[PDB]
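[1] Experimental structure below, sequence on top.
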Amino acid sequence: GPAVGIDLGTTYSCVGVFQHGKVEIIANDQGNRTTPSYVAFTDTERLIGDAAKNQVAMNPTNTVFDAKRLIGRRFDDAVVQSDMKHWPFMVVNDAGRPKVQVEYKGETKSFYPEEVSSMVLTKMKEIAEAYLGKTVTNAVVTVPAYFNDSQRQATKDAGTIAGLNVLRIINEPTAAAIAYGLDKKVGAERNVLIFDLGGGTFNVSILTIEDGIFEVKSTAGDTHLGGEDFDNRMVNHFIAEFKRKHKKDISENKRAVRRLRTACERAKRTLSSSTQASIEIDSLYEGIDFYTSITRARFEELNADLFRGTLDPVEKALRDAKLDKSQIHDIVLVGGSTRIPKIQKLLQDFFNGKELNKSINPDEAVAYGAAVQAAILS
Ligand SMILES: Nc1ncnc2c1ncn2[C@@H]1O[C@H](COP(=O)(O)OP(=O)(O)O)[C@@H](O)[C@H]1O
Ligand SMILES: [Mg+2]
């Protein structure tokens, strides 16, 4: 079986495979090229991926996500302490290590973060196998550039327990560069800027590549900024609209909100190609059908400050790396949020018209690069 490339992401994961000089990003059962990093436990089963995320509104306490934020970390970790204040599931201490606690088939069960991730990993593995029509064993898994050795270890472990022989763990930005071929030797130093705006995390990385060797000269971003924050803004906006229109506040009804959010995220994706999208929700609150729409202009207006602030981490990355806009040779877009027009304009304007690398789907770039790296490693 060919070695595969796996992007084990915070909110979305992707698997690609190099074959006949071409990289193929493998779609899942539902036909999507990326699958949510969600795991849900019920009375009768364990749901992973889309099936899992498609019921989080119904089974909040038993639907686990954000496992990547826990992996390789300690319970006493300030990150963990701050984080768990927002997850609808339990995180318990176990001799220092944190564990997620769920109820599976009536009985209480706990899992180490690496076990949750191995579940997502097994899902990607069978997606690959379903496509290849053969067993996948070897793999290259990606990790953020800021991951310490514990976090890398845990990611490796998640692989082993998922039945995957992890050939190598490579940084996500480096995987993005390899996807565009920016790793080929041109007898000169090259500075690449990776602008990664995903589902819930934002990362900016400046790589220096000479002789084919990478050198992460600097990094920046925000671990709590992503496409989900843009969704929230739409939600708050629509909650206020429903109120004016029906003098009812649906805030308390978690289900109404969760369904509205799902409609928003979808409208958001449509907004990246169309100037407006309709929000059609049957029986949102009580028996009131919420039928409305948003325009790209209003969308951009709701997230203006968020979008604009995206440039601060870019300026920081520059000054830390000791470079000026003029010195960065290539800029590659990574993450599903970079498909947003305003974000592309804004970044280009900042780099005074410089062309942006974006021919490869941004949310598939890391997988793409890992698959290539897997191919050379085997
Ligand atoms: N067309 C699009 N326009 C805007 N956002 C998009 C689009 N397609 C996907 N996204 C967003 O990308 C995010 C997922 O990004 P992705 O990079 O796949 O995840 P991760 O951050 O987990 O690595 C979600 O917030 C999703 O709404
Ligand atoms: Mg990502």
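    Here it is on my side, so go on. Numbers count the residues shown, from 1 in each chain. Ligands and ions are numbered 1, 2, ... in the order given.
[2] The spatially most distant residue from the centre of the chain and residue 288, how far apart?
    Distance to the chain centre peaks in the chain at residue 247, reaching 36.3 Å (criterion: Cα atoms, centre = their mean). From residue 247 across to residue 288, the span is 11 Å (Cβ to Cβ, to the nearest Å). (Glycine included, C-beta is placed from N, CA and C.)
[3] now swap in residue 99 and tell me
    For residue 99 relative to residue 288 (Cβ to Cβ), the value is 41 Å.
[4] Compare neighbour counts for the two and give me the winner.
    Neighbour comparison, residue 99 and residue 288: the larger count goes to residue 99, with 20 against 16 (by other Cβ atoms under 10 Å).
[5] ok, which stretches of the chain are helices?
    Applying DSSP state H to the chain gives helices spanning 50-53, 78-83, 113-132, 149-161, 172-179, 227-246, 254-271, 296-309, 312-321, 341-350, 365-377.
[6] Tell me which of those helices sits nearest to residue 7.
    Between residue 7 and the helices of the chain, the tightest spacing by Cβ to Cβ is seen for helix 365-377, at 4.0 Å.
[7] Who are the contact partners of whichever residue of the stretch 151-300 of the chain sits closest to ligand 2?
    Going by Cβ to the ion, ligand 2 is nearest to residue 198 of the stretch 151-300 of the chain, at 4.2 Å. Residues in contact with residue 198 (Cβ atoms under 8 Å, 6 or more residues apart in numbering) are 9, 10, 11, 12, 226, 227, 334, 335, 336, 337, 363.
[8] Next, count neighbours for the third one.
    Other residues near residue 11 number 22, with proximity taken as other Cβ under 10 Å.
[9] Verify the stated contact: it with residue 34.
    No - taking contacts as Cβ atoms under 8 Å, residue 11 lies outside contact range of residue 34: 9.2 Å.
[10] what's the burial count for residue 284?
    By the criterion of other Cβ under 10 Å, residue 284 has 23 neighbours.
[11] Wait, it touches residue 257, no?
    No - using Cβ under 8 Å, residue 284 makes no contact with residue 257, being 9.3 Å away.
[12] Give me the common contacts of these two.
    With Cβ under 8 Å, 6+ apart, residue 284 and residue 257 have common neighbours residue 250.
[13] And the residue of the stretch 151-300 of the chain closest to ligand 2, its phi and psi?
    Residue 198 has phi and psi values of phi -100, psi -150 when expressed as degrees, to the nearest 10.
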